[PDB]
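Visitor:
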Amino acid sequence: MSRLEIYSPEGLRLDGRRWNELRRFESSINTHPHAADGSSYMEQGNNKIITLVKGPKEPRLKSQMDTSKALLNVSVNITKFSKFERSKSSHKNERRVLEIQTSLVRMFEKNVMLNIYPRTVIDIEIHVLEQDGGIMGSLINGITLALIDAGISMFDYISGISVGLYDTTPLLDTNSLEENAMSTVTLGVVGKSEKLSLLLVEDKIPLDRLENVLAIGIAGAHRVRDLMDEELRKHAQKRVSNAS
Amino acid sequence: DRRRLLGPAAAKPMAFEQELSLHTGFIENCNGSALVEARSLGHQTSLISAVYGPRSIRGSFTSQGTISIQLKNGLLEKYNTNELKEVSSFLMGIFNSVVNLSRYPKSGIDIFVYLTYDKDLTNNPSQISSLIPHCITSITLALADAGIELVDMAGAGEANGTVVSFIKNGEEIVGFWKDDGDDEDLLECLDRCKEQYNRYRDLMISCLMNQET
Amino acid sequence: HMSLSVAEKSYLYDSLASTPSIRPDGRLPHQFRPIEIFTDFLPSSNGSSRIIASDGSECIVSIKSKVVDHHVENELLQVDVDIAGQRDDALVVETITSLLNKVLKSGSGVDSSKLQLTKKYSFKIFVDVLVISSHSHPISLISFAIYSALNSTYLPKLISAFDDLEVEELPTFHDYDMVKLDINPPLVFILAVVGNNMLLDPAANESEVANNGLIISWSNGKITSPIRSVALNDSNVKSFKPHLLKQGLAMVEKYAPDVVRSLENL
Amino acid sequence: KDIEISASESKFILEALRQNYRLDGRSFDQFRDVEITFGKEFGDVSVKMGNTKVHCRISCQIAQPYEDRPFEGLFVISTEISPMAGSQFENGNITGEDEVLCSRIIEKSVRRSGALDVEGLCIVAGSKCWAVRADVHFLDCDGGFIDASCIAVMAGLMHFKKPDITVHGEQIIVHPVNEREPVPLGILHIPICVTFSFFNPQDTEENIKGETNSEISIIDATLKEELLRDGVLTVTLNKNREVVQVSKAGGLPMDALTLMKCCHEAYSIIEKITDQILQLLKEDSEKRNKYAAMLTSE
Amino acid sequence: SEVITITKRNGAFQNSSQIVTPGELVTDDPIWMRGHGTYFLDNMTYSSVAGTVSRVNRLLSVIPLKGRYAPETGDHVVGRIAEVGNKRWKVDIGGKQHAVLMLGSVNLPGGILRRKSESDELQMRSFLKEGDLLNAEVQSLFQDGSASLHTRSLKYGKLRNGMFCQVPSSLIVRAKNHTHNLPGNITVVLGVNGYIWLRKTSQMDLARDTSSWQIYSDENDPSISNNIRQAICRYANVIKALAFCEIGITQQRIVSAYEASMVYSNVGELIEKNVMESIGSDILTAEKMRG
Amino acid sequence: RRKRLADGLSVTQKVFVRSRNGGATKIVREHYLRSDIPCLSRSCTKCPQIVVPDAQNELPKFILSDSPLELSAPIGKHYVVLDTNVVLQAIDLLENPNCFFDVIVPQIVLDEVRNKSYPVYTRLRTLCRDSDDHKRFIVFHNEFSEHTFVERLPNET
Amino acid sequence: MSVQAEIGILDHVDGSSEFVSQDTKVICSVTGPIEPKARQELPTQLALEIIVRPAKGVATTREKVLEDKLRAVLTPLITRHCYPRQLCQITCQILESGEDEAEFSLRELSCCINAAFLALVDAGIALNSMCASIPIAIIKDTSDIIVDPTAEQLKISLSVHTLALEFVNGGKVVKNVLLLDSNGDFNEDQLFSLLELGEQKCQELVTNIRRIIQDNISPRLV
Ligand SMILES: [Zn+2]
């Protein structure tokens, strides 16, 4: 048996990080060419996410076909071995998961015009291999990368972030322990703007905190967005070098 | 459960010479049916096979027929649902060679096999393998009774957990099921099941002749 | 899975059913296609593997452990099979699940002694399979991944005494230290029957025209159960002569150690 | 089944919103008055917002807690839709986009937020626990289902009383309402849900860069206004000066400033609603007994 | 590696001109006409995809690094029927949508001699049936970009006497002709969509270099030698090898690779990675010192 | 293993075994190894530059006196580092105004005390918080560092 | 027999009502004729979608029986051949049981029949005739036949009955007995004495019902 705190007077957290550090970010494009039109493998901390974009293609049922826009579908597979303690049941039908899937759809319905691929279907399959806090933000980044890899038109990037709050000051990018310890805010940010695609608060949060917490998240998300551009451009430079 | 009546969910369940009987065409709900009862020693098995078809599938462009087999637990809840699906997949791998599929284009044949009972006696100081040849016997009878064209009579036998199905008078094999048991029983099991096949075959042919008469 | 015209299938049959059998690719009746295997990438789990085929087929296996009372928990090794975008219930899923659990039974093809901790407690092993993509019967693909995963699995080490009958100490494990899971995972080979020829590692197009197929397990340098004949397709399934069955078992019996040798590299 | 709306309606309502006008003659920050009616039994509450009619029923029964939580009772919220609220809804459709959202908003507002003291639902630890159930019935629809439901669930829970219990180990005699009075369920806070609908002007001319058309945002939209909105926002606030939960999935992208303004506007509404809800709880509590003072001990 | 080649790796899930980035601005000249891959707001023109900026005349567009193949009018494509409905087939090509065919866009057996029949629209499955492969030309384009196909030629029609394989459409470009004759008495059909058909050389191909009732028969040539079959397998593997190295497939490249692959005795040796990489590398270097 | 990051920061895996209600759960939390952990001594020159102010403005004072209690050689001037056991027993003596003036309490110690006895942990924290011109209390986050972090050797309790 | 009902209370439905007997309060809604699902389609007649929701908890097999009996009453009432290949959704939301639902469903069924009929009337759907339903019970000692029994009376009952008759000619001629659901055991003399007194109070109810219908609806008409 043990006990632990949140934020020490020395400005140190349970894992050793300070109040404003992003975890290790690794990004990966075109990971499954023979399985999808677009694919991305995300590593944000201990989080490991495979994202597959299949489409635009013919619908399997003509009943479900829109002549004005493409049909966008997202299925999140949170594996039974994503956490330390293996879950006995499947999480697929869980109301918490249905809300997550619904949330993500609502977010990107306004971010892709989805008016230039009529009579087609875009299927997005996601596999969460490992989970360690901020899984929603990582899900957002995985879809954005995979969609771009598929050459599917969109207006801008959508970057996802996780916020942790203790006392006066929130902690950027929370892990499971911190998530357990304190309420968190998940932010969907469009491009380099201040506009949120997704605002998600599931636990109690003082009303004074949010304005400042939002400010920290937006600044951090911009850094994340910059990294993503670097991640793809860098890969392109590396790929070109490999070709040479 | 809002579909059935499962009762109180806070409760708990209870915690504690080959002979054949063949009957076909006793169900007016389907196109063909069969009853198979076998008693050996202290172990006996009674199962019912129901066949529905061939019925046309709308929009189907298949140039041949489509067989679907499902095993059910009639009374005793013993066999796992996962294992029932496995045997079903094994059974369909057999009759897809037996059934003349070229005769039923744009059509499908559904096969329901109800395992109403099996009785097992074990002494104290696989399992479903023994039922497999009886399932094949039942289906082959139910299909032949229904009017479905069969290239040959499908039959099988169980020897030390090794099940192997034969057609064309034991000259060829339409299915092979081996679980556990012992090694080097290849030649022996093939000869013992071939005798069970020929025995099950003649009784199956006689069955149709009797009821048909 | 693959859709082919009547003309293409007949040509494939001619190519493969020929007495000097030729793969459309050009392989020999015992040659496997190149695969890639990654291991130990899931730190959250006790063991993990990822296998990639040449046709893009991909499978991910995870190994997790749990202390259980072996007096009440009969099965000490549970295999779970899944596919994203695919319903769990499907005939193929449950069949492979049932099959794999028999392949890796506690007292059949696995040394369950290495899972025992004390008189009363043992390690339950959860083998979770995730098939991302597959174009044929993935039974052999999964088997290779499970093998690789179980050969790179590390379990916690016990500290307390191993006699719960008398002293009855609560199972405690020393921090940091772990013991590698020494075990002999079985392999599952799948064969294709085209006419009178038998092919190892059937391709997608090959399986479509095959007359039948075989699923043969392999453990401790010998053929073992489960052994299952299987219809790779459902339009061209035919009965086979017994000598073919004996040919298949013989074929695996001589080419399996070569596969294991290429697979046993740490 | 897809509802049919005339192109003329879509142009009329949109143009009216640019002229700060709406069909039901309301304001943009105005919320339709909420009427709360209590039935004879405790936990029976009827919420009405204009034409929108919802009914909630609170019930409980003796049950056993989960292994993971031996000190906590059980609490579930049901919001199954039916064709009674309109033929647009499929019977039992509990996986549709709007349905799952609504289900998740209520859950995060009441369940997850810990509005109900589940610890006080425990009779004997790890053995017997009360199982409170909130059943929401969507009688008819004129929009604002989420707002109606949150009011309905909370008013019901605060209304609700559970039979008094005497516990001595594993044996408990549940006193009937005849024998002794029932006991009210514990509440930690009173969450209120506000729904915001966003629109686009579609107008050629804007008078100034400094002052602009910006974005259309109204509160508690009707059925006709709900079909034409380009964005959906639901913020839950209480009288404790804190955000219970806020859910924005996609829709029309908005600034962090705009969300705050909606959040601050919603706070003035949830204050009036909470006090009003308490008042109708006070009026109904004193209502029940014609002779209660004659009744009293203390 | 006598039986199986298993590459292993531990501790890892996997192994390994202006710059363009998302939210990037390409130009601020309002005179430009914005094309594909871009979007604009007043004077500013932004990129919508990850790729290279393209300037043709006054038309600014950004060419993506990846994406679906696009049907241009007049392309020679090879497709497999997906569905039969009404008086048309929908044929898989490999694009966003299935190919469109009109009963009036195909040629009946016996041709000119043949008289129009209203039973053809009810018996389309006797001509094209699901799964069948065929040559076709993109006749026209629909509003969304979908293609309407036609086979009104002897050059086009149902495919047989061979085997199918596919490469990314980016590796096959438009040309004067996509049907080519190769050593070994085999003929390749390089569809622009990436769908490739390798068959035994017929009389038609021979005539070009210099029965109308059976143009839809599933039956193959009853006499196809093993030497042709083993040639097809070899041509298939080298094409996959060129595709593996991102090398653009051309008739010259294929024959060159086919003869260069003769170094390896067994054809199955061409499926290994190091063999594929070297074969493609040898072709590029050969074109280097020959160019 | 141990990974090196861009900031000169490192990261490893903390694995512990938890027993609850006869159950066995493996719990792991990532463990970051820092390089900017202050000694919190007045005498130190090196540490002060490294330390970073909070976004809300603040300046951090150094607690540990540059001239501590001097004792007969070869001790001389000295700082006192405590063990886990002497703290559990010794808390009253640790609050005595006539001894223990400059004390360094390691993070690992502070953590163990918190788990073993919360009230003692509060008393230990309070003394550091209530630094007066009489007694000085200091806490060092060793675990958040790399210079001092040690890992379990094979066959070591 | 002092029932109280309201008509046309719901906005987004073709027809609705709220029937109340004693405690038992049921609200009903009816939409139709409308486009039916393929599995619902009847080539020549109207398809009925009948749904019953309980006052507490979710719909179980119990309500599935309430739906079935309610179907037996409403089916011959509606002139279904007027609406071929068409659908009529009928939803009943029981708001208050007015009885121990763990033991009885008598009053809820009768109230659902009366409410459904009223909702069909409001919706303007072709009906062949009129209809009324009452719950009846028999006492353990007294063996008296009590029409419209209370919850307390049901507890001490030997048999419970649901009677729904089909009326024509200004509510004077019993066309048929749509539903009689008797649970318990019976004596012939009591049954006809029940039917004789029951018919009288039913006829009084129709007269009252006619009054209510005219009073509310007439101000709407010209
Ligand atoms: Zn220092």
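Chains as they are written, first to last, in PDB author numbering: chain B, 1 to 244; chain F, 5 to 20, 43 to 151, 163 to 250; chain E, 0 to 265; chain A, 3 to 300; chain H, 2 to 17, 52 to 245, 276 to 356; chain J, 9 to 165; chain D, 1 to 222.
Even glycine gets a Cβ: it sits at the ideal position worked out from N, Cα and C.
Kindly confirm or deny that the stretch 183 to 194 of chain F and the stretch 104 to 115 of chain F touch, where touching means at least three C-beta pairs closer than 8 Å.
Guide: In short, these stretches do not touch, since the Cβ pair count stays below three.
Visitor: With DSSP as the reference, label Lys-164 of chain A as helix, strand or coil.
Guide: Within the fourth sequence, the letter at position 162 stands for residue 164 of chain A. Note: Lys-164 of chain A maps to strand in three-state DSSP.
Visitor: For a contact defined as C-beta to C-beta under 8 Å, what are the partners of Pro-42 of chain E on chain J?
Guide: Working through the third sequence from its first residue, we reach residue 42 of chain E at position 43. Result: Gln-21 and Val-36.
Visitor: With a threshold of 8 Å between beta-carbons, can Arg-24 of chain B be considered close to chain E, or not?
Guide: In the first sequence, counting from the first residue as 1, residue 24 of chain B sits at position 24. No, no contact with chain E.
Visitor: Taking the Cβ atom as the reference point for each residue, do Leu-163 of chain D and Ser-129 of chain D lie within a distance shorter than 8 Å?
Guide: Reading the seventh sequence from its first residue, position 163 is the one you call residue 163 of chain D. Reading the seventh sequence from its first residue, position 129 is the one you call residue 129 of chain D. Taking 8 Å as the Cβ cut-off, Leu-163 of chain D and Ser-129 of chain D do not qualify as a contacting pair.
Visitor: Can you tell me whether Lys-80 of chain B sits near ligand 1, meaning its C-beta is under 7 Å from at least one heavy atom of the ligand?
Guide: Locating residue 80 of chain B in the first sequence gives position 80, where the first residue counts as 1. No; taking the cut-off as 7 Å, the Cβ of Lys-80 of chain B has no heavy atom of ligand 1 nearer than that.
Visitor: What residue does the alpha helix (DSSP H) around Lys-253 of chain E start on, and which one ends it?
Guide: The residue labelled residue 253 of chain E in the question sits at position 254 within the third sequence. Counting along the chain, the alpha helix (DSSP H) containing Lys-253 of chain E begins and ends at 241 to 262.
Visitor: What residues sit near ligand 1, counting only those whose C-beta is closer than 6 Å to one of its heavy atoms, in chain order?
Guide: Here the list is J:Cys-47, J:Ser-49, J:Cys-52, J:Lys-54 and J:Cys-55.
Visitor: How would you label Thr-350 of chain H, buried or exposed, when you count the other beta carbons within 10 angstroms and need 16 or more for buried?
Guide: Mapped onto the fifth sequence, residue 350 of chain H falls at position 285. Classification of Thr-350 of chain H: exposed, given that the 10 Å Cβ count is below 16.
Visitor: Here's the rule I'm using: 16 or more other beta-carbon atoms within 10 Å means buried, otherwise exposed. How should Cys-111 of chain D be labelled?
Guide: Locating residue 111 of chain D in the seventh sequence gives position 111, counting from the first residue. It counts as buried.
Visitor: Determine the direct distance from the alpha carbon of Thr-130 of chain J to that of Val-36 of chain J, and round the result to whole angstroms.
Guide: The residue given as residue 36 of chain J occupies position 28 in the sixth sequence. The residue given as residue 130 of chain J occupies position 122 in the sixth sequence. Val-36 of chain J and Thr-130 of chain J: Cα-Cα distance of roughly 26 Å.
Visitor: Reducing DSSP to helix, strand and coil, say where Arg-123 of chain H ends up.
Guide: Position 88 of the fifth sequence holds residue 123 of chain H. In this structure, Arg-123 of chain H counts as strand in the three-state DSSP scheme.
Visitor: What residues in the stretch 127 to 150 of chain A have a beta carbon less than 8 Å from any beta carbon of chain D?
Guide: The residues in question are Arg-135, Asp-137, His-139, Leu-141, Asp-142, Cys-143 and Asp-144.
Visitor: When burial is assigned at 16 or more other CB atoms within 10 Å of the CB, is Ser-138 of chain B buried or exposed?
Guide: On the first sequence, position 138 is the one that residue 138 of chain B refers to. Buried: at least 16 other Cβ atoms inside 10 Å.
Visitor: Could you give the residue range of the alpha helix (DSSP H) that holds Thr-350 of chain H?
Guide: Walking along the fifth sequence from the start, residue 350 of chain H turns up at place 285. Per DSSP, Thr-350 of chain H belongs to the alpha helix (DSSP H) from 338 to 355.
Visitor: Would you kindly work out how many angstroms separate the C-alpha atoms of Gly-16 of chain J and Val-61 of chain H, rounded to a whole number?
Guide: In the sixth sequence, residue 16 of chain J corresponds to position 8, counting from 1. In the fifth sequence, residue 61 of chain H corresponds to position 26, counting from 1. Approximately 36 Å between the Cα atoms of the pair.
Visitor: Closer than 7 Å by beta-carbon distance: list the chain E residues that pair up with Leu-94 of chain H, in chain order.
Guide: As a working note, residue 94 of chain H is residue 59 in the fifth sequence. The contacting residues do not exist; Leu-94 of chain H stays about 37 Å from chain E at best.
Visitor: Using a C-beta cutoff of 8 Å, does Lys-131 of chain H count as contacting chain B?
Guide: Counted from its first residue, the fifth sequence places residue 131 of chain H at position 96. With 8 Å as the cut-off, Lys-131 of chain H counts as an interface residue toward chain B.
Visitor: Starting from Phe-91 of chain A, trace the alpha helix (DSSP H) both ways and give me its first and last residue.
Guide: Here residue 91 of chain A refers to the residue found at position 89 of the fourth sequence. No alpha helix (DSSP H) holds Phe-91 of chain A; DSSP gives it neither H nor E.
Visitor: Does the stretch 32 to 40 of chain E come into contact with the stretch 108 to 122 of chain E, if we say contact requires no fewer than three beta-carbon pairs (one atom in each stretch) closer than 8 Å?
Guide: Contact between the stretch 32 to 40 of chain E and the stretch 108 to 122 of chain E is absent, because fewer than three Cβ pairs lie under 8 Å.
Visitor: Does the Cβ-Cβ distance between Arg-115 of chain H and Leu-168 of chain H come in under 8 Å?
Guide: In the fifth sequence, residue 115 of chain H corresponds to position 80, counting from 1. In the fifth sequence, residue 168 of chain H corresponds to position 133, counting from 1. Contact: yes.
Visitor: Taking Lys-3 of chain A as the reference, which of A:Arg-34, A:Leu-25 and A:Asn-95 has the closest Cα?
Guide: Within the fourth sequence, residue 3 of chain A is the residue found at index 1, counting from 1. The shortest Cα separation from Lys-3 of chain A among A:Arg-34, A:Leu-25 and A:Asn-95 belongs to A:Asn-95.
Visitor: Measure the alpha-carbon distance for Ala-15 of chain F versus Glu-172 of chain A and round it to whole angstroms.
Guide: As a working note, residue 15 of chain F is residue 11 in the second sequence. As a working note, residue 172 of chain A is residue 170 in the fourth sequence. Approximately 17 Å between the Cα atoms of the pair.
Visitor: My output table needs one value for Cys-107 of chain J: the three-state DSSP class, helix, strand or coil.
Guide: Locating residue 107 of chain J in the sixth sequence gives position 99, where the first residue counts as 1. Residue state, collapsed to three classes: coil.
Visitor: Just how far apart, CA to CA, sit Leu-10 of chain D and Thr-79 of chain B?
Guide: Here residue 10 of chain D corresponds to residue number 10 of the seventh sequence, with the count starting at 1. Here residue 79 of chain B corresponds to residue number 79 of the first sequence, with the count starting at 1. Straight-line Cα distance between these residues: approximately 46 Å.
Visitor: Are the Cβ atoms of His-139 of chain A and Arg-53 of chain D separated by less than 8 Å?
Guide: Here residue 139 of chain A refers to the residue found at position 137 when the fourth sequence is read from its first residue. Here residue 53 of chain D refers to the residue found at position 53 when the seventh sequence is read from its first residue. Yes; because the gap between Cβ atoms is below 8 Å, this pair is in contact.
Visitor: Quick one: using the 10 Å Cβ neighbour count with 16 as the cut-off for buried, is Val-211 of chain F buried or exposed?
Guide: What you label residue 211 of chain F is simply residue 174 of the second sequence in a count that begins at 1. Buried, since its Cβ has 16 or more Cβ neighbours within 10 Å.
Visitor: Check the DSSP bridge columns for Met-256 of chain A and list the partner residues they point to.
Guide: For the purposes of this step, residue 256 of chain A is taken as the residue at position 254 of the fourth sequence. DSSP lists B:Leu-196 as partners of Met-256 of chain A.
Visitor: Evaluate contact between the stretch 12 to 19 of chain E and the stretch 196 to 209 of chain F, counting only Cβ atoms and requiring at least three cross-stretch pairs below 8 Å.
Guide: Verdict: no, contact absent.
Visitor: Is the beta carbon of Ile-173 of chain F closer than 8 Å to that of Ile-135 of chain F?
Guide: Taking the first residue of the second sequence as position 1, residue 135 of chain F is located at position 109. Taking the first residue of the second sequence as position 1, residue 173 of chain F is located at position 136. No, these two residues do not count as a Cβ contact at 8 Å.
Visitor: Relative to the C-alpha of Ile-38 of chain A, which candidate in A:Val-234, A:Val-155 and A:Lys-211 has its C-alpha closest?
Guide: Reading the fourth sequence from its first residue, position 36 is the one you call residue 38 of chain A. Ranking the options by Cα distance to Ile-38 of chain A, first place goes to A:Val-155.
Visitor: Within 8 Å, do at least three Cβ pairs link the stretch 133 to 151 of chain B to the stretch 201 to 216 of chain B?
Guide: No, because fewer than three Cβ pairs between the stretch 201 to 216 of chain B and the stretch 133 to 151 of chain B fall closer than 8 Å, the two stretches do not touch.
Visitor: Which class does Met-177 of chain E belong to by DSSP, given the choice of helix, strand or coil?
Guide: Your numbering for residue 177 of chain E matches position 178 in the third sequence. In the structure shown, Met-177 of chain E sits in a strand (DSSP, three-state: E or B).
Visitor: Residues in its own chain within less than 7 Å of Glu-130 of chain B by CB, not counting five upstream and five downstream?
Guide: Position 130 of the first sequence, counted from the start, is the residue given in the question as residue 130 of chain B. If we look at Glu-130 of chain B and ignore the five residues flanking it on each side, its Cβ neighbours are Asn-46, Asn-47, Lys-48 and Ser-82.
Visitor: In the DSSP output, what is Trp-19 of chain B paired with across the bridge?
Guide: The residue you call residue 19 of chain B lines up with position 19 of the first sequence. Per DSSP, none; premise fails for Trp-19 of chain B.
Visitor: To the nearest angstrom, report how far apart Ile-50 of chain B and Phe-14 of chain H are at their CA atoms.
Guide: The residue you call residue 50 of chain B lines up with position 50 of the first sequence. The residue you call residue 14 of chain H lines up with position 13 of the fifth sequence. Distance between the alpha carbons of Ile-50 of chain B and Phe-14 of chain H is about 11 Å.
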